[PDB]
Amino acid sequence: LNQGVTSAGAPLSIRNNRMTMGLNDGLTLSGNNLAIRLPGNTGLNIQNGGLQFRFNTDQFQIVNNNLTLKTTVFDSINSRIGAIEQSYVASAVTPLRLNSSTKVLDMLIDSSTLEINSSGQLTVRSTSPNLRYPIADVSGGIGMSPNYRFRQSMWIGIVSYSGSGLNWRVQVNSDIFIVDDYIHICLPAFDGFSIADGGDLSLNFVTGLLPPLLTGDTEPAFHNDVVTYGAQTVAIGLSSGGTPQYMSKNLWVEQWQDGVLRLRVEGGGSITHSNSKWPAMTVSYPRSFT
């Protein structure tokens, strides 16, 4: 006659009419009750009536009872990356050059045509103009060489007369003026001897020109052509030791040959005479150039 408990299955056990329960770590006594033991704080908690897992709600969420990352935890990142992607420089076209390693951007330039200003600005390399005399640099700009516009010199030499067997020479001191493309030889008045109706007066430029003027500087632009250039009247006083009679003769530049300028002197009739008084005469003609 017994209706009590005389044996028990694990985790229950009986000793001397007293029953106890064996518990592994994880299960514990809480007051009079059996409880799940959760040491420390590892995201597990007894709450809302049972065992739950706890997670930051800004970083995590539960989807089909699975722990899942909140898609927003990445938004800040993708936002910053999308900001750069939408508009940035990845490649550069010449003259632009991009070193993909040091990520430095520079530009290729021709050093003969372009340069870098002290203030880092791109400037066109200034160049001096290529000029040919009489065009020249005048106080910094493209101008006309002063030497072309006016050059003064001097000739101290021999004038020779020759006509119909009559011959004689005189020495003159003469200013020379070169102005643009003309030379002017300013012969002074002088005395000579008999002259023919027609004859030539020769200026020997082979010697007597003041340095640095040279014989070749007196060559006409028509070189050694025979011309009738600069024709004019000259009044020459003819006498035989008394009052001279003035004859109106015709004079022109006739020919330059090897540094000797020949002038023709003819016309106006003549008289018997032994001496001639010549006026100052300026003789001009276009000058040779290179």
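The numbering used is simple: start at 1 and walk along the sequence shown.
J.: Compare the mean C-alpha B-factor of 172-180 with that of 114-122 as given in the PDB entry, and name the stretch with the higher value.
T.: On average, C-alpha B-factors are higher across 114-122.
J.: Return whichever of 102-110 and 208-216 has the greater mean Cα B factor according to the PDB record.
T.: The recorded data point to 102-110.
J.: Among the candidates 160, 91, 153, 164, give the one with the maximum CA B-factor reported in the record.
T.: Answer, based on the entry's C-alpha B-factors: 91.
J.: Kindly indicate the residue among 96, 195, 142, 187 with the greatest C-alpha B-factor in the PDB record.
T.: Top of the list by C-alpha B-factor: 96.
J.: Compared with the other modelled residues in the chain, in which third is the CA B-factor of residue 58?
T.: Residue 58: CA B-factor falls in the highest third of its chain.
J.: What third of the chain, by the recorded C-alpha B-factor, contains residue 1?
T.: Highest third - that is where residue 1 ends up once the chain's C-alpha B-factors are sorted.
J.: Would the CA B-factor of residue 284 place it in the lowest, middle or highest third of its chain?
T.: Tercile = lowest for this residue's CA B-factor.
J.: Is residue 202 in the lowest, middle or highest third of its chain when residues are ranked by C-alpha B-factor?
T.: Answer is lowest: the recorded C-alpha B-factor places it there.
J.: Would the CA B-factor of residue 69 place it in the lowest, middle or highest third of its chain?
T.: For residue 69, whose C-alpha B-factor we compare with every modelled residue in the chain, the answer is the highest third.
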